[PDB]
Structures are given as structure tokens and as C-alpha cells.
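Heads up: the sequence shown runs through residues 37 to 84, 106 to 630, 692 to 1274, numbered per PDB author numbering.
All residues carry an ideal CB built from backbone N, CA and C; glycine is no exception.
What follows is a short report on a single structure.
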Amino acid sequence: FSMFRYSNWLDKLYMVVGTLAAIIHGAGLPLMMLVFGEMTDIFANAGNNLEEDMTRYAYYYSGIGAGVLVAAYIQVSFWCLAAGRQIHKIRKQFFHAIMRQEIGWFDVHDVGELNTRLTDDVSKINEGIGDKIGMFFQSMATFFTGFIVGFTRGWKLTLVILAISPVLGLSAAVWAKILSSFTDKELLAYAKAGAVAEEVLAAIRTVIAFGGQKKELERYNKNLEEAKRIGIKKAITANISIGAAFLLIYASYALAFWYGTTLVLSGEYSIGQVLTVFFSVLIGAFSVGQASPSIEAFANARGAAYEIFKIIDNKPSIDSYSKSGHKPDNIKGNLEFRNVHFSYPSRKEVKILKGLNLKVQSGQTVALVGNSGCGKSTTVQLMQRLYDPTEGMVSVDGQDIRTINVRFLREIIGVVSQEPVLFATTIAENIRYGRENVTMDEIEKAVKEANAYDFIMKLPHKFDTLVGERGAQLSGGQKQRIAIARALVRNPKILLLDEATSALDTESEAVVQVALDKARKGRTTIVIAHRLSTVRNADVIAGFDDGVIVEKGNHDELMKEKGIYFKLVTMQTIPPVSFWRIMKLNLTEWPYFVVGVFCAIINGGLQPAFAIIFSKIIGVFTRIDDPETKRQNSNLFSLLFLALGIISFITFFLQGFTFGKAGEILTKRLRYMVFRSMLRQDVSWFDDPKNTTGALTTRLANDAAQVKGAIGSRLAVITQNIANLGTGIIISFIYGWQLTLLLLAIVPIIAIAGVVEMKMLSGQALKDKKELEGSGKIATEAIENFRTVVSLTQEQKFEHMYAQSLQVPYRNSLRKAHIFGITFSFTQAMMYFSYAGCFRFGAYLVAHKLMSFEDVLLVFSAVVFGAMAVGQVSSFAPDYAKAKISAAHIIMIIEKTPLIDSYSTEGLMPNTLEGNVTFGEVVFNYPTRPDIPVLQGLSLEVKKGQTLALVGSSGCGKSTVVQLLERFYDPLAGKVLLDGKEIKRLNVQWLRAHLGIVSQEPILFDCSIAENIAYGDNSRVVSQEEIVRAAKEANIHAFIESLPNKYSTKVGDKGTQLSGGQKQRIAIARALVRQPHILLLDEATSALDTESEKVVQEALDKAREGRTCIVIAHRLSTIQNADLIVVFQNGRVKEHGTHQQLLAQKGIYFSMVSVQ
Ligand SMILES: COc1ccc(CCN(C)CCC[C@](C#N)(c2ccc(OC)c(OC)c2)C(C)C)cc1OC
Ligand SMILES: Nc1ncnc2c1ncn2[C@@H]1O[C@H](COP(=O)(O)OP(=O)(O)OP(=O)(O)O)[C@@H](O)[C@H]1O
Ligand SMILES: Nc1ncnc2c1ncn2[C@@H]1O[C@H](COP(=O)(O)OP(=O)(O)OP(=O)(O)O)[C@@H](O)[C@H]1O
Ligand SMILES: [Mg+2]
Ligand SMILES: [Mg+2]
């Protein structure tokens, strides 16, 4: 698919113009470098009126700069405009094709997947075809023209440098590869801690219940230590990579200078040729290096566009836009289904359509009946030509549906949905979606007919009341009535309705049926319902039989047939922070920083040195003296580069280690704190949806690289850049003030250029995303509702709406492209103009003997290359912004304290528990929904060694009394006391330990069963004999013994490797491990291996002595086996007493007992 662009041949011309502009820019840059070589050559010749020659050279520079400006502007602007046009056209085509797809197609592919496809794949195509291609062409042109210039102006020096450059390229690529490998290794290493934390957090309730936080913390600490080791290895790898790159480039500089000095000293081509060839070839090498991102982006776009086109290329089986069918004018009611054989393509194996015979005459209110899953609604669905008949015949008025206008057919048949979908627009908007030619008079008549006026009239702008998100504005009965009105507005020839009002309420069903069946003489009707009333009104009713109709007759005929109809009838009855505070790594890295900065400063001083040293290697030739001594002097500088490069390397190496450790240590310590901080938190905190277990895990994981960068990387980059630029500026001022001042006041233009470019890129991205979302609202609202859309045959109208929503931001995109192109062209031409002005001024000074030409080169190179290196390093280190906000979030979380400090040693800790509990007036309001109280201040009490049972209502806090008993919260109002001990005053540790809570679905860590059982008895060692005794008590010791490896078996995740009953028994045994004085069990019986469940319940009862057990269950006999029972009614204790007294009374307990 090398040619994946297919739109607007004129756009092809625009793209070719952009390509030519890219070639021009690429050729231009080394052309500027060659002109620099010539200027240097003339400057050196002047070592003996020069100003004129300098002015001529400056004129050449200005011409090339203007050419560069125009060429870069053309490149970026033309490519971006072409991309905008291409993306607009392809997005329109893609949405239209999606609308064209078949119902089966949309069913097969996930709707969310396709919506995300539209949202993201097109944008990725744009990004990979927008401008990066222009950059690729420009880089290729720069490489080729650099080589051409090097060859033209030199043969030997060019050859040596071209033979050297691949070494540097290979070294850089190899270092990148090893860095990526180390990245993968570090990810895999930390995955262990990640899994540990995920398991712990997923079991936060049980984790806090068993007080095993310490063990999990220790394991996480060990994993974190391993991950820190690997991360430090990665950091040293990356830093040594950068150092090796610096060493290679400086070695290239040194060898180039040595060879060039050898040549020029030999009377060969002058120094200017050396400078031009060296710089041009080096720039070519770096550009061919920079080429890669464009290729990567284009490959990603290749893949995405391949998928998109494959979606587009698929010609559908049914083409709603195709008008190759016959469109009769007068439609006479006559429906024929003959041996309709077919199935759901989703699972073609089944055959729901097992052939069907049915003939309906005109003006018949036919109806279908049958058991759920008999395909009664599938017949109607096929009636709309939503699917195709695998083997059979379907026709209306004696003509095959396939041989008729698909769009016309679908618009000549009206349908009603059991759960109608309504377009998220005004009531008038919804009616228009139903049909635009309503004239608003028949619309009002239909609105009146459907009996939907109260909801419409009450709402603001009665006839134009909008529908909120997902139809929350109107009522379900209102929604059904609106749907019926919309269907009727089309005045179809065949109505197909299912569950008119059989979803939630029947009150509006009477009016709905009255209005629907009222006007059906000229509109044949198919009705699917689930109530006897709707069945009775049927005129001709057909019963379904395995996708076949056996019973066919009226109500009386069906009743006399004694079919399934009669069977049913009888059965029918972002806080901020301070950089000073954030530097917590002081406690750790204080011995580290002093090293790194010292190294970093040296590196900051390394680059400016290269300037002055380089300057001297030029100055040595500019001097008229030029004796043989220079041959020695050149060496004195040449080898320096080599040594200099080593220095450049060496510091980084050291800098890698120290800082690599400094950050790495933090990654450990911070984690070891934050996770702990998370554990020392109340259950309510986790209850917040924001603190989602997965989200908390990710934050615990995806923050090391953020905080490390914010603390260390930011400081290192700031010190390095500051040292480098300050050294350069100060040295320049020492050796020059005029050119120094001009350059210092000119560089900020470049700084503004770069900053504005980045800011414009970010802002344009955000704005484009915003407008794209504005259009995607319409797109998704017209994709998630695809079935009802095709039923409405309004696809074209939604296509026009999306076309408008895209035309709105298309112009904005084009204008943004133009603006970005102009800004980029200015940024690129600024450097050329600055070189022109700086060298013109340098001549204007040296001619007046104000500054040595060597001094001019010194100042220029120092300042400009310092700016370049500073920008590069700044763009190298991790971003401060995201790192800063991540540090803020983690600081907020770690510093945040709980309302109940489980680690607080103070608290009433009586030696022994009395087994007395009294919960009175305890009002429970969950922090998730504090406006929805769950406990109504119920009243209850249990004595020592007393077994109580609950009769709470569904989702009324029946089990919450254990939850509150678990101390996972605090009583909002009222009181709960244990053995006359203040629950608030009771130490959280002691209370949590002394209670044997049993959860409704007790989770277990995926480790050895021995550890899982042992972990319950925290704060002490539980001998294997105690574990065996507990397992026998829970009736699990025998099962474990039969299991190979006994208690050492690696229990599968969530206990999957073991039977659910086995897992519950293991959890009960663990609970019994702590020999709890007061215990709680919640829905532990269910059915649960009814024999095994009964055995477990019997064992628990046998071990109920010497402990008070609070039991919540759905088994009648277990509740009766309790010592006492407490009823619940909206959080109110209706009654409390024994089984006999409770049953005798008229209380809900008797009815519940009679239920089973
Ligand atoms: C990266 O793109 C460019 C590269 C070079 C140039 C101009 C001429 N260069 C020979 C000097 C600048 C590049 C420079 C060197 N040498 C350099 C850049 C990046 C580096 O990190 C990989 C580096 O150290 C290895 C050195 C100097 C900053 C010290 C302009 C550029 O902008 C287009
Ligand atoms: N996308 C689907 N792919 C496969 N089977 C499906 C799909 N949607 C529904 N089904 C099932 O296929 C059968 C089609 O039944 P259909 O609804 O058309 O008729 P019905 O007699 O009114 O039954 P029901 O209303 O209980 O589904 C049902 O068993 C339904 O659950
Ligand atoms: N952390 C929480 N935040 C908000 N609501 C909660 C929370 N935990 C439970 N609930 C709600 O409290 C009720 C659960 O209480 P409880 O389990 O004691 O009653 P239940 O009758 O045994 O429950 P179920 O009918 O679910 O088996 C449900 O409404 C549940 O939505
Ligand atoms: Mg159905
Ligand atoms: Mg419950």
C-alpha cells in the first residue's frame, strides 16, 4: 500500500510542490555551510579592504536565508494543507461507509472499537502523513546535498569523514537498542512488585481484616529493592550511551582536525575547504540520523490506513444506497414468509430460523406469541431486511424483499422498539428524525394521539423540550409514547411493535394500545407482547414453534386448540506544591548530588571549551606567521579533542551512576512509603471511585519515573544548561562585547521561535481534539443507535449533520496549518539571518581591528553552540510538567492521613473480651452516597456466647452490620459498643484482631494454601499442627491431604484451582485460625455443594461454643438453628426473638419462611 493517498489530484500537485520545497530546503542548508567555508577562507586570507568582501558574503547569506524562509514555508504549509484535505475527505468517506455497513457487520465488530477507530486511527494517519513526510524528504535532501558538497569541495577529507560517520551511527543505534532492552528488563523486573500490590489492593477489605499489612509491605519492599537495582542499571546504561555518543562525535572532530591540518599544512586546499567539508558532512550524518521519526510515523499511519481502507473496501451484502430494486407505488397489504431458514451470523452454528410458513392479508392486525428465545422477534427483525434469509422466501404484496428498494422498503415499514432509542435532540428534532415532511401539523396530531402531552407540555419549550444524557429527561412510558408517535408520523404500511409498554410499567400501556390499535385498518400490524390483555385483542394470532408456526388462529381458536397460548393464559394468572519541599531526596541523595552537580558542571563547561578550543584550531591558521611550528601547535589542539571527548564521556559515566542511584533510591523509598501510606487508610478512602484499585496500583507504579525526573533530572538539566550558557556568555564578554551583545540580544528571537512553535503545536493539538470530540458526539450518537437508525432509514440525514460538523473545523484546521507553517519558516530562517548579521558585524569590527577574527569565531561558536546544546539537553531529560503534577499527587496521597489511625498504639485494650455487643440507633450513610442513608438507627444486642442471625432486606445494610462491626467505617449517628468498651476508644488493632469476620466472597492470595491459611493469624506464628487442626475444623484437612503437595500447593488466582466450596471452607478455617471470640459469617452457605455446604454449616455450629457468631444467610434451617434472630425493615429492627416466636407473629419472617 505504498500509495495510500487517493484524493484531489490538485492536492497531489500541492504535495509535489511541498516535496520540491523540501528538496530546496535540504540543499540550502549545506549551501549555507559552504558559504560559511568561503567566508572563513577569505577571513584567513585577510590574515596578512576586507569589509567589501564580508558585505558580499553577507548578501549571499541573506539571499540564502530568504530562499530558506520561502522554501520552508512552502514545504510545511503545502504538506499540511494537503494532509488536511486528505483527512477531511477520508473521514467523510469513512463515516459514510460505516453508515453503509450491514447490521450483521456492526454486530460482528464492537461498536466501541469502531468509534475509537474513527476517533483515533484517522488522527494517527494525519500525524503520520501530515508533516513528518516533509521532514523525511528534507532530511534526505540534506544528507544527499551534504555528501555532494563534501565531494565537490574535497576528496580525501570527505572520504575519511564518510568512512568514519557510519561508526558513530552504528554506535548510537546500538546504544539505543541496549537501552530499550534494559527498559524491557526493568519493566519485567518490577512486574513482580506490581502483581504483589495488585493482589493486595484487590483484597483491601480482607487485607485490613487480617491485619497482614506488614507482610505484604515487606514483600513489596523486597520486590521494590530488586526493581531499584535493575532501574539503576538502566540509568547507567542510558548515561553511558550519551557519553559514548559524545566521545564518538568528539573523536570524529579530533581526527577530522588532525587530517585537515595535515592536508592544509601540506599546501593543499585551504582551511575554508576543511571547515566546509567537515561541517557539511557532519550535518548530513546528523540529518540522516534525524530522519527516523518520520519513517516510524509513516509506518504507523500505513497500518492504521490499511485497516481503515479494509473497512471501507468491504462492499456490503445489502447496499441501502443502491437503488437497483423495484419501487412499487401502491403497497397492498400482503406479507408472505415461506420456509424462512436462517440464523444469527454471530454464531452461525445455531439455526433459529428453522423455516416458517405465514401469509397475512391486507388490513390484518396479525400477532405472534411464544416462549422467550423462540425467535418471535427474529421474524420481525428479518421483516425489516435487517438480516438475510439463508434459505427461504420473504415478500410483501407478492414481491421479494431483496428485489425491492432497500431504502424505500425500510422507509415504508415502521417499527417499534421494546426499549426505544430516541435521538438526543429536541422533541421536534426527534419527530424530524422520524420524518422531515411531517409539516408539524400531523406531528402535533400524532403527539396528541400517542397520549404524550403531560411530559411534553410540562417541560420548558413544551414542543421543543430536549432530552438529556441517555434519555434521562423523559419518563420510560414517555419514551415509549414518543417512540410510538414517531413511528406513526411516518404513516407506514406495516407497523411492527414489540413490548409496547411491557418494560417497567403498565399504566400507560392502556393508552398506548388504544392509540396504536385505533388506527390500524390500512396499516397491517405485527405485535409482540408479554401480557394477556395484549394477547386477547389480537385478531389473527400465530404461535411460535422452534422457529416455525404451528398454531394459527384467533383468540377463541387458539383457546380451543389448547396450545401453548392457553398454557400461558392459564399460567398468566491538582493541588500545587513547592520545589523546595518536593526535594525530599535530600535525605537520601545529599551525598549524591554533590557528586553529580560537580560532574554536571564539568559537562556544562565541557561544551564551551570545545568552542574556544575549536576557535584556536582555526586561529592557529588565521595568523600571518604560519611557520612550521603550527604543525606542532595543531597537534597540541588535535589530541585535546580526543582527551576532551573522554572528559565529556567520563563525567556522564559518573553522572549516570550517582544520579542513577540518587533517583533509583528514591523510586524505592518513595514507593516503600506511599504503599505503606495507602495501607494506613480507612476502607472509606478506597471506597472512593477515584481511588480505583487499578488506578491506585498504576499510581503506585507509574510515578517513579515522574518523581525521579522532577527532583533529579530537572535539577541536573538546569545546572548543566545554566553552567554551559553562563560560561559561554562570560567568555564571550571577556573576548568580545559588541558581537557578544548582538548575539545575546539575537538568540532570544530563536528562543521565542522555539517556545512559540512548541506552544502552538500543543494548543493546536488540543483545539483539534476538542473540535473532533464535538463532531464525535454526533458520530457516536449515530453509531451506538445503529439498529434504530437503520430502522428509521435516516442515515443520510446523519451523514449531512456530520458533514456540517466537519466543515466547521475543517477551515480552522487549514488556518492552523498555515499559521504553524509561517511560524516554522520564520524560526528556520531566523538562524540564517542571524549568521548573516553576526558575520557582517564581525567584519565591521575586525576591519577596524576591534577584535581578532579568531575572537569572532570564538564568540559566535561559543554562544550559538551553547544555545544548541542547552536546547538539546533540555529536550532530552524527562518533562518537568507531568513529573511535577505526579509528584504533587503522590505527595498529597502519602501525606494524607486517615480518620482512624490503625497504627495508633493508644486505645482501650482490655485484657479479655466479654462477648457483649449492643448496636443502638446506629445510622449508616455510606460516604459514596451520603444522601442515601442505609441504616435507620436499628437496635440490637448480643450476649457472650450468643449466636444471632440477620433477616435484613436486599441492599438495605443487612450485612453492613458486620461491615460496621468490622470497623471499616464509623457510626454516623447512634452508637455501637462491645463488652461495654467504647468502639471509638477500643484500639483499632485489638478490635480488628479479636474479630473473626468472614466475608461473603472471601478472596485469597494466589500463593501456597499453607501461607493463605496462616496469614489470618497475624502477630504470631501458627504451627502446622494448628493449621491442620483448623483445616479439620473446617473439613478441609482431608481435602488438602488428598491434594498433592498438601498445604504447599500453589493456590490458583482467586482460588480458581480449587472448588468454590473448597475456597469457602479454607476461608472459614483461616477465620477459625485466630480463635475469634466474636465471629461473623455472611451468605457462606448459598447452595455451595449442598452436601458440603451442610457439612460446613454443621461444623461451624459444632464450633460455635465459647464464641458469639453473627450469621447472615438465605437458608431457613440455619437461621432457625441460631440462638436468636433480628429482623430488618429499611434499617429498622422490626422484631427480635427465637424461631418459634418470630414465625408465629405476622412479621415478614413468617412469610419468608413460607417462601421456601
Ligand atoms: C541536531 O541538529 C543540528 C545539528 C548540528 C547543527 C550545527 C552544527 N553542529 C556541528 C554543532 C551542533 C551540534 C552539537 C555538536 N557537535 C551536538 C548536538 C547534540 C548532541 O547530543 C547527541 C551532542 O552531543 C553528542 C552534540 C553541539 C550542540 C555540541 C545544527 C542542527 O540543527 C538543525
Ligand atoms: N446478537 C445476537 N446474536 C445471537 N443471538 C442473539 C442475538 N440477540 C439475540 N439473540 C438470541 O437469539 C434469539 C432470537 O429471538 P428473538 O428475540 O428474535 O425472538 P423472541 O421469540 O421474541 O425471543 P426473545 O425476545 O426471548 O429473544 C433469542 O434467543 C435471543 O436471545
Ligand atoms: N462502600 C460502599 N459504599 C456505598 N454503598 C455501599 C458500600 N458497600 C455496600 N454498599 C451498599 O450497601 C448495601 C449492601 O449492604 P449489605 O451487604 O449489608 O446488605 P444485603 O441485603 O446483605 O446485600 P445484598 O442484597 O447486596 O446481598 C447495598 O446497597 C450496597 O450497594
Ligand atoms: Mg423477543
Ligand atoms: Mg449482603
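Reduced DSSP secondary structure (H/G/I, E/B, other) of residue i
i: residue 956; result: helix
i: residue 1042; result: strand
i: residue 1036; result: strand
i: residue 383; result: strand
i: residue 1192; result: coil
i: residue 166; result: coil
i: residue 258; result: helix
i: residue 1030; result: coil
i: residue 249; result: helix
i: residue 574; result: helix
For residue i, the nearest candidate out of the options (CA to CA)
i: residue 751; options: 739, 364 and 760; result: 739
i: residue 345; options: 222, 1136 and 400; result: 222
i: residue 519; options: 1186, 106, 730 and 484; result: 484
i: residue 758; options: 307, 573, 1041 and 246; result: 307
i: residue 59; options: 119, 77, 125 and 38; result: 125
i: residue 212; options: 338, 186, 138 and 169; result: 338
i: residue 1036; options: 1093, 1113 and 206; result: 1093
i: residue 1082; options: 1065, 1115, 1050 and 1098; result: 1115
i: residue 700; options: 1118, 171, 826 and 973; result: 826
i: residue 94; options: 329, 309 and 275; result: For residue 94, no position is available: the coordinates of the chain end at 84 and pick up again at 106.
i: residue 1184; options: 1210, 604, 406 and 840; result: 1210
i: residue 1176; options: 915, 1054, 1126 and 62; result: 1126
i: residue 1212; options: 1232, 1194 and 233; result: 1232
Exposure of residue i, with buried meaning 16 or more beta-carbon neighbours within 10 Å
i: residue 1010; result: exposed
i: residue 111; result: buried
i: residue 1225; result: buried
i: residue 807; result: exposed
i: residue 971; result: buried
i: residue 1317; result: Within the shown structure, residues of the chain are numbered from 37 to 1274, placing residue 1317 beyond reach of any answer.
i: residue 487; result: buried
i: residue 693; result: exposed
i: residue 1135; result: buried
i: residue 726; result: buried
i: residue 1024; result: exposed
i: residue 525; result: exposed
i: residue 913; result: buried
i: residue 446; result: buried
When the Cβ atoms of the stretch 500-510 are set against those of the stretch 531-548, are three or more pairs found closer than 8 Å?
The stretch 500-510, when compared against the stretch 531-548, does touch it at the 8 Å Cβ threshold.
Output the residue ranges of the alpha helix (DSSP H) runs that lie fully inside the stretch 510-548 and measure 4 residues or longer, sorted by chain position.
Taking only runs of at least 4 residues, the alpha helix (DSSP H) segments lying wholly in the stretch 510-548 are 511-515 and 533-546.
List, from N- to C-terminal side, the alpha helix (DSSP H) runs of 4 residues or more that fit wholly inside the stretch 773-813.
Secondary structure within the stretch 773-813: the alpha helix (DSSP H) runs of 4 or more consecutive residues, fully enclosed, are 801-805 (chain order).
Three or more beta-carbon pairs under 8 Å between the stretch 426-438 and the stretch 517-535, yes or no?
By the Cβ test, the stretch 426-438 is not in contact with the stretch 517-535, since fewer than three Cβ pairs between them sit closer than 8 Å.
Should the stretch 782-799 be called in touch with the stretch 271-287, which here means at least 3 C-beta pairs below 8 Å?
Verdict: yes, contact present.
List in chain order: all unbroken alpha helix (DSSP H) runs of 4+ residues lying wholly within the stretch 385-470.
Fully enclosed alpha helix (DSSP H) runs of 4 or longer: 433-440 and 463-468.
Taking contact to mean at least 3 C-beta pairs separated by less than 8 Å, is the stretch 54-70 in contact with the stretch 184-201?
As far as the Cβ criterion goes, the stretch 54-70 touches the stretch 184-201, which means the pair count is three or higher.
Report yes or no: do three or more beta-carbon pairs, one from the stretch 617-629 and one from the stretch 787-801, lie closer than 8 Å?
Contact fails between the stretch 617-629 and the stretch 787-801, because fewer than three Cβ pairs, one in each stretch, are under 8 Å apart.
contact_flag[the stretch 1117-1124, the stretch 256-263] where n(CB pairs < 8 Å) is 3 or more:
The stretch 1117-1124, when compared against the stretch 256-263, does touch it at the 8 Å Cβ threshold.
For the stretch 411-426 and the stretch 374-394, state whether three or more C-beta atom pairs, one from each stretch, are separated by less than 8 Å.
Between the stretch 411-426 and the stretch 374-394, the count of C-beta pairs closer than 8 Å reaches three or more; the two stretches touch.
I want to know whether the stretch 114-124 touches the stretch 936-956 - three or more CB-CB distances under 8 Å.
As far as the Cβ criterion goes, the stretch 114-124 touches the stretch 936-956, which means the pair count is three or higher.
Please go through the stretch 251-333 and give each complete alpha helix (DSSP H) segment of 4 or more residues, from N-terminal end onward.
The qualifying runs are 261-267 and 270-322.
Per the contact definition of three or more C-beta pairs closer than 8 Å, is the stretch 1147-1165 in contact with the stretch 293-302?
Contact between the stretch 293-302 and the stretch 1147-1165 is not established, with fewer than three Cβ pairs separated by less than 8 Å.
Whether or not the stretch 700-715 and the stretch 603-613 are in contact is what I'm after, with contact meaning three or more pairs of Cβ atoms, one per stretch, closer than 8 Å; do they touch?
Short answer: they don't touch.
Beta strand (DSSP E) segments (min. 3 residues) lying fully within the stretch 1060-1143
DSSP runs (the beta strand (DSSP E)) wholly in the stretch 1060-1143: 1066-1069, 1091-1096 and 1113-1115.
The stretch 856-870 contacting the stretch 972-982, beta-carbon criterion three pairs below 8 Å
These segments touch.
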